[PDB]
Each structure stands twice: as structure tokens, then as C-alpha cells.
DNA sequence: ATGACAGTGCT
DNA sequence: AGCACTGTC
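Numbering (PDB author numbering), first residue to last: -2 to 154, 160 to 432.
Right, here's the structure in full:
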């Protein structure tokens, strides 16, 4: 009734750079622009691993995870850009620096949470209030929303994509100006206007295109972002949620794409997010735990409270390398050389981080994987990170893992190592 | 023989 | 603290 919270208190956006690593390489090499293109990591084994794919290449069936030799079978004209290799390993510095470019532009408009190297959540609630004052009750023109889709529209009583988009936007804005929508709907709409301006600034100032979702919380904003790509943005209103969720597979909602989502499907015998509304909160808690149950109860009604955290910078700075199949590290000299390679990249990134961001890491996490273990990590151990010195970090890492060598000799390493991982964590102001 | 990243939550 | 889980390009 009048005491039922509807989760309409915030305006939240999720901005996602379209096939980001590809765009970085296309900006640098114009010959790659507007072509089927992919970014490949390494090159010797089966042509290298594809890690990013342009939308033109996706139309041929090229996907991430694919071996480049296989991608070329689907797309013979596929162009490839190679990830930089330094100290024997893939080095993602170019993409990290490009991400900083975008995040600094986004930070001019609103509070941002860096979700990944190319996604940020945006809390627009305050900016929308400000913009609503300036407008002075003047209606919002469709020209302010030139790339916005309104999910669920058009409805009721053109066979072209852009024409559908405009029809839906007109229906939305017409009902807005007649006062047939709600005050949260107006807030979302102003939020979308700001996101158009943010995306325009990103493209003008970096060359990069992005897509975005605008809704009342992070889960709906992320879901919204994926509905119309590339280079478009989608507004998911609270009212659109029942129809949207009625055929939405549970795995599409963030945090339900793995084992928990699979258990929701199996235990409850349902397929779609909207089907969750038929269970009580206590029922859901009894199957999935207190926290998950409460979260699911609210989420299937379009409600989520997870805040956009004010976090511009990554919380960890890590370096890793796999050694699959025959390349597994089988000797002590190997392990120490590679630990040094990883530690040297980490030292370089850590020193740069300290200069730019006035912070120092205090913990070094060391993880390895041994040949045979089905889990991605076999062992994780931490030690103090007291100096940004690669030779010290590599020695400390060796010290904390050396006991895992169950081999007879000190010169051999068994069972061989299929992964080394160093991660600097626990940052303090400096 | 996807890799190389990253953040959150459990116990 | 060490690990499992979930997500990114």
C-alpha cells in the first residue's frame, strides 16, 4: 500500500565501453577501424587467444576465448591486434591507462564506482536534482536523448530500428509531459539526459564509444546496459520490470550467472526472474540463506540497495601468468626467474600508482597452481610488502611458497607449477 | 592450452 | 586469514 517501498529513491547508471580493448587498438591504428577486428594474446599456440572482439567480427560468430586460428575460420578477413608482451608475459598497461582516461571524464559528472577495467557505475541522484532546478519545469525534448531506448516501448495502438527507438521515446516523453508518469520516471529521464552528455564527452575527448543503462539500482542499470548495444543507452523504469522480468532468464541478473543461479532454477523449478515473486521472503531465505533470500525477494520486484561506492581506483594491483600443459615450471631456477619477471612488472606499476594516487600497498599476496588441481588456485599466502623492490618481492614470494616443493631434490620442483600470481593489496595513504 | 585480470562474501 | 564464487576484457 502506502508503506511499500518501491526502490525508486536513486538514479543509477552503468557505463560500459564497447569492446574496449578493440577500441583502444582501433584508435591507435586507423586501419583497424570499422572492420572485423579482435585483440589476441600471445600467438604461438593456435594463433593466440582472442580476448576482445569488435561488433563487426561478432557478426561472424567470433567470440572471446576462441583461438585465433579458429576465429579466422569463421572470419577469414578478421584483423588482429596483439597484446603487448613485456618480461615474457602479456602486459595490459595500455588498456589500464585508457581506462583511466575514461574514468577521469566520468568523474566530472558524478560519483563513479570502478567496476572493471571498462565498466563504471554512476550515482546520478544528486546531479539529477541539480539539473531539475535548472530546467525550471521545462519539458524534456527528444533531441536531448538521441541514442536512448525506453525499455518496454513502443506498445499498444515503421519496420526500422531507429524508427522503433523514436516511437518508444515519443510515447515515454508524451506521457511524461501529460503528468501520466511518476516523479521517479522524470528523475530517470533527466538521468538519461546526463548520461547522453557523459557519453558524448567520452567520445569527443577519447574517441571511445560506450553503451549505458539507466535505472534505479546497479542490477537493473547493468541489465539495461546490455539491451541495446553498441553505442546506445537504455532506460529501464520501475514500471517496466514486471514485463521485462517475465521472460528474463535468471542467469542474466548479476550474481545469478553461476552456481547460486543454477540452484535457484533447480530448487524452485523456475526459469525466469519474475517467477521469484511467488515465494515469500522466508521461503527464499530457507533455500538460499538469509542474505541471498532477502536480496532475491527484493530484486525480483526491481528493488536493490547496493550502493554505488565512491571508488575511482582499483583496490588491488596484480600480476599473473599461467604455464599450461608442457610449459609448467619444473625447476627452481624457472620459478625464481618468473617470480622476478612478475615482481618487476608489479614494481613498475606500484611505483607509478604511488606517484599518481598517493598510496602504498602494504601486503603482498602470493598464489600458485600445481599441475593436476582442478581449482584455479591451489595455495594463497600473504606476506608484508615493505619496499617497492622487485628482487625483494620475488624472494619473499619464493620464501612463502618454497615449502610446496615436495620433490626429493632442492633443484627440481614437483608437482610442477601451472600458475604464478603476485598481488599488492591493503593500500594506505602516503 | 582461454588468460589476465578484478571485487565480494564465508568461515 | 585462506578460499570459493562471480564478474571483466
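Backbone N, C-alpha and C define an ideal beta-carbon position, used for all residues, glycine too.
- In the structure shown, residue 273 falls within a coil segment according to DSSP collapsed to helix, strand and coil.
- Here residue 181 carries a coil assignment [DSSP, helix/strand/coil].
- Nearest to residue 110 by C-alpha distance, out of 118, 362 and 103, is 118.
- When DSSP assignments are scanned along the segment 31 to 106, the uninterrupted stretches of beta strand (DSSP E) that are 3 or more residues long and fall wholly within it turn out to be 34 to 38, 46 to 50 and 76 to 79.
- In the DSSP assignment, residue 323 is bridged to 422.
- DSSP lists 363 as the beta-bridge partner residues of residue 429.
- With respect to the 7 Å criterion, residue 142 and residue 194 are classified as neighbours on the basis of their beta carbons.
- Nearest to residue 397 by C-alpha distance, out of 353, 430 and 334, is 334.
- Nearest to residue 15 by C-alpha distance, out of 415, 233, 252 and 137, is 233.
- For residue 383, the uninterrupted beta strand (DSSP E) segment begins and ends at 381 to 386.
- The residue among 299, 336, 356 and 284 with its C-alpha nearest the C-alpha of residue 319 is 356.
- By the C-beta density criterion, residue 219 is buried, having at least 16 other C-beta atoms within 10 angstroms.
- A distance below 7 Å separates the beta carbons of residue 36 and residue 48.
- Within the DSSP bridge table, the entry for residue 215 names 11 and 236 as partners.
- With three or more CB-CB distances shorter than 8 Å, the segment 310 to 329 counts as touching the segment 342 to 356.
- Distance between residue 148 and residue 176, taken at the CA atoms: about 15 Å.
- The distance from the Cβ of residue 32 to that of residue 76 is about 5 Å, consistent with a contact at the 8 Å cut-off.
- Per DSSP, the continuous beta strand (DSSP E) segment holding residue 331 begins and ends at 331 to 333.
- Here residue 240 is buried. Its C-beta has 16 or more other C-beta atoms within 10 Å.
- Proximity to residue 153 across 164, 170 and 363 peaks at 170, based on C-alpha coordinates.
- Around the CB of residue 191, 16 or more other CB atoms lie within 10 Å, so the residue is classed as buried.
- For residue 19, the three-state secondary structure derived from DSSP is helix.
- Distances from the CA of residue 399 to each of 351, 362 and 339 were compared; the closest alpha carbon is that of 339.
- Contact between residue 201 and residue 224 fails: their C-beta atoms lie close to 16 Å from each other, not under 8 Å.
- In this structure residue 421 touches residue 322 by the C-beta definition: roughly 7 Å separates them, less than 8 Å.
- DSSP places residue 310 outside both helix and strand once states are collapsed to three, so it counts as coil.
- Contact between the segment 296 to 305 and the segment 98 to 109 is absent, with fewer than three C-beta pairs closer than 8 Å.
- Check the Cα spacing between residue 22 and each of 249, 96 and 84: the tightest is with 96.
- Beta-bridge partners assigned by DSSP to residue 145: 235.
- Collapsing the DSSP output to three states places residue 244 in a helix.
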